[PDB]
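Just the one chain here, laid out as structure tokens, in the form deposited in one PDB entry.
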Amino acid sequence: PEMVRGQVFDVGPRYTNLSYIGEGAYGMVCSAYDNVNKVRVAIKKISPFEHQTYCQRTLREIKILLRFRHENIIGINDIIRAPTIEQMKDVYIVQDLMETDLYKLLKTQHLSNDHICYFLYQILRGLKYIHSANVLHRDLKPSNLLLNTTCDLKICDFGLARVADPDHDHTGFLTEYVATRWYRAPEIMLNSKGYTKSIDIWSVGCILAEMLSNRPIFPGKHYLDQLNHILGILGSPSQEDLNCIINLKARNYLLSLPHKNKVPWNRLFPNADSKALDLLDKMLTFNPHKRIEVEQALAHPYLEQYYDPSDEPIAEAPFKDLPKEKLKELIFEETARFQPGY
């Protein structure tokens, strides 16, 4: 069995000539030569079975990626695992090799307005599909937007995804949250569990801002700091927006802050296309009920050269506490289609 950094990475005989990429979110990633399709691919080794949280996230990711089929969403090409539950200790997920990601690109490359426009279009087209499936991604950020050498953009990492549940979105002030801090919507810190589509649009708006300047717009260092970054640019919420926040601790926190005026986008982003900044404003709207929706964003004048709703498909099959032993069996079942025979 082939080794990579002295750990087993046994994908053969189909996958050979391995090169290390990284130590992943949790699990090692290599490129490898696919000897069937005659192209290099990406492979991630996952070893989740001792922990119910890792079983849950792995199962969730696999079920979603296998159900989805869209040019702006990473697909699963193959899944390698043992023929029996008892022998199954790792799972290998095979994807198209994506040479970079928006995180890497932003650390080194100035993006043209044409690239920003194209990347935003692709993000929203993929997101239209995800949301049409009643799914929230909940961890959109540059490193979760993969790109290949022709700049095809594919959303990945559905580990924190959920079925949308607006009727159970409410919670109290300072309720703990798991998704990446810099791309969290203001309401997460105030009164939201992140079970509405508007959570994802905020993250997209953060990404657009980042594309414009190569720097995160709201780099908070700790839970409440993230909200305070947001308010520093958007300015104090209006009375009407505060009236929407019934929770007293959340509303009173916002009323305790000194009045702060809006920082105009065109001062933050003096080289930006004016239509890009109009769309940015609408995605980075404090009130989630007033925030633009994905399909509305696609129809925005900024994207008019790409907008084509007939070429922006929706999902055919929208989605509607298990011990790790049951989750292992479900992962075994979910990966069965890739085993030799059919």
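Just count from 1 along the sequence shown to find any residue number.
Here the subject shifts to the form deposited with a small molecule bound, a form of this protein not shown in this document.
Q: Among 194-202, 137-145, 82-90, 225-233, which stretch has residues whose heavy atoms lie within 4.5 Å of the small molecule in the bound PDB entry?
A: Contact-bearing stretch, as computed: 137-145.
Q: Sort through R57, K282, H70, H300 and report the residue having a heavy atom within 4.5 Å of the small molecule in the bound PDB entry.
A: Among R57, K282, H70, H300, a heavy atom within 4.5 Å of the small molecule in the bound PDB entry occurs only for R57.
Q: Taking 4.5 Å between heavy atoms as the contact cutoff, choose which of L254, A133, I217, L97 touches the small molecule in the bound PDB entry.
A: Spelling it out, the residue with a heavy atom inside the cut-off is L97.
Q: Heavy atom to heavy atom, is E23 within 4.5 Å of the small molecule in the bound PDB entry?
A: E23: contacts the small molecule in the bound PDB entry.
Q: Against the small molecule in the bound PDB entry, would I74 count as a contact residue? Criterion: heavy atoms within 4.5 Å.
A: Although the small molecule is absent here, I74 would touch it in the bound PDB entry, with heavy atoms inside 4.5 Å.
Q: My question is simply whether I64 lines the interface with the small molecule in the bound PDB entry - judged by any non-hydrogen atom within 4.5 Å.
A: No.
Q: Do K104 and the small molecule come within 4.5 Å of each other in the bound PDB entry, heavy atoms counted?
A: Taking the distances in the bound PDB entry, the answer for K104 is yes, it comes within 4.5 Å of the small molecule.
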